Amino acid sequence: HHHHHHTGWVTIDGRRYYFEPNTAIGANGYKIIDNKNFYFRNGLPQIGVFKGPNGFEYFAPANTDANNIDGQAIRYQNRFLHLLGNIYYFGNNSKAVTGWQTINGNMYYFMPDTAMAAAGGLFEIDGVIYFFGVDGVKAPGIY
């Protein structure tokens, strides 16, 4: 295997990994550890927007809000997140919105599986084709 047996939090090559105490293999999926939320792949906290058991959270780079560490979910309220070329909108509960949304008078569609805005072309949603701008805003009309 790629890793030897470790348990709990360990530092490897400049990153903190979490290994399951009962199996000594890297953690996978969402976990709250000491009141900090992470989304793991093979022990390594992932950085980005991922779906946890109460919706999409922003698992942020270190020092984004309240001195969070790499991959720790952060408070992120009532604003857009423009990450890696993709567009999200976060509500008052610090979760990314999904489906049809009206924001500042404009209509968006946030993909249910990724929370990313449909953007930059024609998208088929529930049998109907719509046009979305590069900014994720739905144009007038049917296509």
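Numbers follow the displayed sequence, beginning with 1.
State which stretch shows the higher mean Cα B factor in the entry: 16-24 or 122-130.
-> So the stretch with the higher mean C-alpha B-factor is 122-130.
Per the entry, higher mean C-alpha B factor between 1-9 and 133-141 = Stretch with the higher mean C-alpha B-factor: 1-9.
Reading the B-factor column of the entry, which of 86, 46, 114, 67 has the highest value at its C-alpha atom?
-> Going by the entry's C-alpha B-factors, 67 comes out highest.
Split the chain's modelled residues into thirds by Cα B-factor; is residue 35 in the lowest, middle or highest one?
-> Highest third - that is where residue 35 ends up once the chain's C-alpha B-factors are sorted.
Chain thirds of CA B-factor: placement of residue 77 | Answer is middle: the recorded C-alpha B-factor places it there.
Thinking about Cα B factors across the chain, which third does residue 93 belong to?
-> Its C-alpha B-factor belongs to the middle third of this chain's values.
Ranked C-alpha temperature factor of residue 101 among modelled chain residues, by third | Middle third.
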